[PDB]
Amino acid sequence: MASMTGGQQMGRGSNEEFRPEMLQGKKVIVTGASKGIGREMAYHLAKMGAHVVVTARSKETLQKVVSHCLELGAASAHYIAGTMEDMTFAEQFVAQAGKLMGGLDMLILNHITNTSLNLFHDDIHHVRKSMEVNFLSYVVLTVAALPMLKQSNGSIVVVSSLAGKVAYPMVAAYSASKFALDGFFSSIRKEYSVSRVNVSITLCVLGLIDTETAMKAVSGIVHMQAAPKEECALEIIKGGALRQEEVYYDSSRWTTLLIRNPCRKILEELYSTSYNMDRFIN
């Protein structure tokens, strides 16, 4: 029947009223998907009927996610276990994931290195690992994924934090890695716009989320209201499906009222006339 079927989900209003059917049959990669928000995203995509490839270091926990994804109604579900500290693994994982699904529509970059709250003193090893895992691997994954994403006019979804937009104590190395994601991905988004690379980039700015690891890490130090992981995961997916540049998800209504930087948007528009990129794209 699929051979005799054709058409498009993305008509009038698909910019921007989300429908779960926008993900039906989509080929999606989810990193850091054995637990937390990543696992919740895998589950939502499964229910939507997407093809899913999940990653994390633990094959046993990834197996459980895959099995549950198949139960939920995933078109297909696979896992490839490995560390995002290993740039060769990051690069080969994408080729292997694309081969399993026959392409790629959405790349969800969610994994981070294990981090606890502490004052910065002399842990350079954690600053470097944070930059390698939380930032550099996202770039390596993007490079490996781009040819397939260009072919499908796909999407890159980057999971960040409010600590990737404002300063927050006790998470300096982590904040540095999240700010780096904004600088990198927002700059290449301008490059893609002028180069006519029809690959959307969604930066997801999340507040505190009720994941097991975050609740343990912040216990007794951060007393703010945590937001539910299930709804968080859905808002990330929605943002990527609607090709939104930025997603904001937090418990506080004051955050939503204040995080947006209209001055940055205006400045970027003003500076867009300061350059002549003709030699780079012809």
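One-based numbering along the sequence shown.
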- Which of 175 to 183 and 119 to 127 has higher mean CA B factor, as the PDB entry lists it: 119 to 127
- Item | Between 260 to 268 and 15 to 23 (mean CA B-factor, as deposited), the higher | 15 to 23
- Looking at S76, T202, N134, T142, which has the highest CA B-factor as recorded? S76
- Query: If you compare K165, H111, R189, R196, which has the highest Cα B-factor in the entry?
  - Reply: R196
- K64: C-alpha B-factor third of its chain, per the entry, is the highest
- Task: Classify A97 as lowest, middle or highest third according to the C-alpha B-factor given in the PDB entry, relative to its own chain.
- Result: highest
- Task: Can you work out whether the C-alpha temperature factor of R253 puts it in the lowest, middle or highest third of the chain?
- Result: highest
- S58 CA temperature factor, ranked by third within the chain: highest
- Message: How does the C-alpha B factor of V157 compare with the rest of the chain: lowest, middle or highest third?
- Response: lowest
